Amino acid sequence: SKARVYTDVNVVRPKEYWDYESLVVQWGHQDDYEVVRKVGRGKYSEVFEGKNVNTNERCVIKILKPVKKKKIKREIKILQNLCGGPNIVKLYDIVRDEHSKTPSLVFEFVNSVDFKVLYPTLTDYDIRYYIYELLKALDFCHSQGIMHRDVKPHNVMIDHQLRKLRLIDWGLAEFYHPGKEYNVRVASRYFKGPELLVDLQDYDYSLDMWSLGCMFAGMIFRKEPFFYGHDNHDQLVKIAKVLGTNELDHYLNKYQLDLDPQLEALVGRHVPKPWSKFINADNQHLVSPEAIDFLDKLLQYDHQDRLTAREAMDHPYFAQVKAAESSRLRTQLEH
């Protein structure tokens, strides 16, 4: 399998762009920063609000847990390559402790909450707006040869007053090289695409579009997580109970994959459950025929069949939000 969009970005670009294992990290000065307040704990890092001790400027300090140097260099290189792109978090500095050599990443202060915190106070219009903003981040990173590989509500930070979205936590992101077999142990279970669950290792940017579809289904149907499996096998079972097993058979045959016998027995046989069966009185204000059609075009087993980020932005569901962006950009271009 190879990506059908942005296929050769890292073939055309030289090794200095994507060869993160060779990066010579330009460390800043740890003494410039001080932790102020803990913000969150995660599997690979702890996040704090911090300050520059020289200027009192606020920042976010992400203290990385012990991991291989290659993974740290990867995140740094990706953040450096994407810095300044639309709706991508901005890396400001990289420092490490004098004695332990533990690295920290220093980011702009984001002044935001994650997408889930916002769910209860968002309307249909706000969902269309913020999903479009997330699509802009994904189209940009994909266009720069990078897959995020961990799209989920906690990695989408929103400053709701400024109507500003940022895609954060690039620690699982990778460069896309056509032909490369990647580790399938990425993303978070409920957002893993079927490629990760059937051991299709030569996946691409389209993984992020599955993850986005899972987020979108959870939002519009008020069912979080939408696919709630109890392990990686059961995650495929939950998907198959909705998409059905006929299309799973087609996918496996197309990519010359054989389900593990245990997984085959767990998945069994299932007819599809139409999207309309998830509508109820409590979520109907967020659902429309356009929303269902958009979702259906994201949640396809075959990664090549899914909408790309740019194709998603052109879907009728976003027609008004796209038009508003186009008009704004026009006036700024005339200015």
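Counting begins at 1, following the sequence as shown.
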Quick note on 67-75 and 164-172: per-entry mean CA temperature factor is higher in 67-75
The stretch whose C-alpha atoms carry the larger average B-factor in the entry, 322-330 or 10-18, is 322-330
Among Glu133, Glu247, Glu98, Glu195, highest Cα B-factor in the entry goes to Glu98
From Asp93, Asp150, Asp199, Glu224, the top C-alpha temperature factor is at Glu224
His285: CA temperature factor from the record, placed by chain third, in the highest
So, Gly145's CA B-factor, relative to its chain, sits in which third? The lowest
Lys277: CA temperature factor from the record, placed by chain third, in the highest
Among the modelled residues of its chain, the C-alpha B-factor of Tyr182 falls in the third labelled lowest
Of the three thirds of the chain ranked by Cα temperature factor, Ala265 occupies the highest
